[PDB]
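Enquirer: only geometry, no sequence info:
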């Protein structure tokens, strides 16, 4: 604190969110990063027990859910990535690798 | 918080920014009542819901919940503050805004 | 914080800054003055004293009230101090100490047998009473010829009688304003 | 906007006003000074330069930081400037240039065969080194009698030898303070 900053400002931040257990049809569980996919978002929120619904994972059919994600990650072509400069803040980790899917959620 | 107020202009001394400003609209709402209930700010005085931790997936901007404030004994100009932000292991912080001013140039 | 008068110019007030960082200036009200002092907070440091000088007051009872002003214009509660002020110790040097029995052109030896001296009244007699002038007269040996106290008067006459007596018991002159309480001219005037 | 130092007194800072109309004053921090300059915005015009003078600094590296203050007390980002300051070119005129070999009353012709001169040191020697005094001596014909440089010294002696030699190769006097960098008294003093 000094004559040029006579008070503390408000503080808010931009962050990249919780890591989620994305599955793969081969039986891996990458669990490494955020995912923009709404299914894996829902699954984490439901199976969390510290918060959320406290549902045990054994009640879900993984071989079904992975097909649903394979639907929801279909590529769109109504636009092209170069029209989106923000992309890093939009959530894409690389502007060149396809970042386009029917649905992306933040 | 009652300590932190002694370092803020009367504009702010107990105010806080809201979270998830645009909750989902549906035909259940009147257009007016929706946009009139969309609200930017809250007062923590007489409000407890503000202090619930949010969960984030993808990229978002969120306000910090203060949980500790103090000054170095010899030099009251030096102020430490702790802001809690988000549940779980996040992929990480990207940026900070002090007031609305971001560190990185727009 | 820690508002404190301090004697030596009559003295200084001093204080440590308010911890409310939006403070822009301090105001001081002094008993019997028409208007407050105003003291800017151009730098902020919580351990560094600010100061105001008090100058030209007579010795006497006074009270001081000091208030911080916030940028929104409201003020702290006052702090009060009540004290006796005292005379400025370091008086002016006497001015125009001069010899009146002096020739056309200018003197080395003066005119006539015995000198006649004048000087001009100091400012401080306007405020502090019982000031006097102290005068000392010396030969080239710098022995005492004569030493004199002059009470609120600005002229003195040396005499051929005085020269004779001082010689018989056996020029340069120095004079200063003086008082009690250590009140003195900071230096001698001299001829 | 367009914060700019400008040389000639060491020089002037200048800038164009901030476009944020609630600006009340600018503050300037100068390297090594105890306190900022403060400059009011008593009139608003977006194309009119504001100015601050820089006076009495020695030549040397300095930095300046300038900030606008909004009526709410917050400040802009700073603008910074770093530059070498340089000597004030226009020095004081020499004072009390006077002849010491002078009679009771006052002289026309001086006393004795050859003049003895004194003058009083200028202020600028307190700041800028390698100042000197330049002295020139002339007859009623205003021919050169003699020209002299005096190094940080405040007296000089003319001589009957000098008068004789200057006559044989063949009064009025003028003197000025001077230096490098165009440092000069704005005018001659003279007798």
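Expert: Here it is on my side, so go on. Residues are numbered from 1 along each chain as shown, chains lettered A, B, ... in the order given.
Enquirer: tell me which residues of the stretch of helix or strand residue B:66 belongs to are tucked away?
Expert: In this structure, residue B:66 is located in strand B:65-71 according to DSSP states H and E. By neighbour count with 16 or more other CB atoms under 10 Å in any protein chain shown, strand B:65-71 contains the buried residues B:65, B:66, B:69, B:71. Backbone N, C-alpha and C define where each C-beta goes, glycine included.
Enquirer: Show me what that strand is packed against.
Expert: For strand B:65-71, the packing partners by 3 or more CB pairs under 8 Å, 6 or more residues apart in numbering or on different chains; DSSP states H and E come out as strand B:79-84.
Enquirer: how about the strand it packs on against chain A, any contact?
Expert: Yes. Counting by CB under 8 Å from any CB of the partner chain, chain A is contacted by strand B:79-84 at B:79, B:81, B:83.
Enquirer: where does residue A:13 land in three-state SS?
Expert: State at residue A:13, reduced to three classes by DSSP: H, G, I helix; E, B strand; the rest coil: strand.
Enquirer: quick revisit: can you put the residues of strand B:79-84 next to chain A in a markdown table and add neighbour count?
Expert: Listed next are those as a markdown table, based on neighbours: other CB atoms under 10 Å in any protein chain shown:
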| residue | neighbour count |
| --- | --- |
| B:79 | 15 |
| B:81 | 15 |
| B:83 | 14 |
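Enquirer: Mind putting the residues you listed into CSV with distance to residue B:21?
Expert: Compiled in CSV, the residues of strand B:79-84 next to chain A are given as follows (distance: CB to CB, whole Å):
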residue, distance to residue B:21
B:79, 29
B:81, 24
B:83, 19
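Enquirer: I would like the residues contacting stretch B:84-101, please.
Expert: Here stretch B:84-101 makes contact (CB atoms under 8 Å, 6 or more residues apart in numbering or on different chains) with A:9-19, A:33-34, A:50-51, A:89, B:53-56, B:59, B:61-62, B:64-65, B:67, B:102-104.
Enquirer: try 7 Å
Expert: For stretch B:84-101, contacts defined as CB atoms under 7 Å, 6 or more residues apart in numbering or on different chains pick out A:9-19, A:33-34, A:51, B:53-56, B:62, B:64-65, B:67, B:102-104.
Enquirer: Among these, name the buried ones.
Expert: Buried by 16+ other CB under 10 Å: A:10-19, A:34, B:55-56, B:62, B:64-65, out of these.
Enquirer: Residue C:157 and residue D:98: what is the separation?
Expert: 33 Å (CB to CB, to the nearest Å).
Enquirer: now do residue C:25
Expert: Distance from residue C:25 to residue D:98, by CB to CB: 49 Å.
Enquirer: returning to that earlier point: just the closest of the residues of strand B:79-84 next to chain A to residue D:140, please.
Expert: residue B:79 (80.0 Å; CB to CB).
Enquirer: And the nearest residue to the closest one once chain neighbours are set aside, how close does it get to residue D:141?
Expert: Nearest residue to residue B:79, sequence neighbours excluded (CB to CB, 6 or more residues apart in numbering or on different chains): residue B:71, at 5.3 Å. From residue B:71 across to residue D:141, the span is 82 Å (CB to CB).
Enquirer: ditto for residue B:26
Expert: Residue B:26 sits 111 Å away from residue D:141, going by CB to CB.
Enquirer: One more: residue A:91?
Expert: Residue A:91 is 95 Å from residue D:141, where distance means CB to CB.
Enquirer: And for residue C:22?
Expert: For residue C:22, the distance to residue D:141 (CB to CB) stands at 74 Å.
Enquirer: more crowded one of those two?
Expert: Using other CB atoms under 10 Å in any protein chain shown, the more surrounded residue of residue C:22 and residue D:141 is residue C:22, with 16 against 8.
Enquirer: show me what contacts the more buried one?
Expert: Contacts of residue C:22 by CB under 7 Å, 6+ apart are A:6, A:7, C:70, C:71, D:73.
Enquirer: So which of these is the closest to chain B?
Expert: Closest approach to chain B among the contacts of residue C:22 (CB to the nearest CB): residue A:7, at 5.7 Å.
Enquirer: I'd like the distance between that closest one and residue B:79.
Expert: Between residue A:7 and residue B:79 the computed distance is 11 Å (CB to CB).
Enquirer: Next, show the common contact partners of these two.
Expert: residue B:7.
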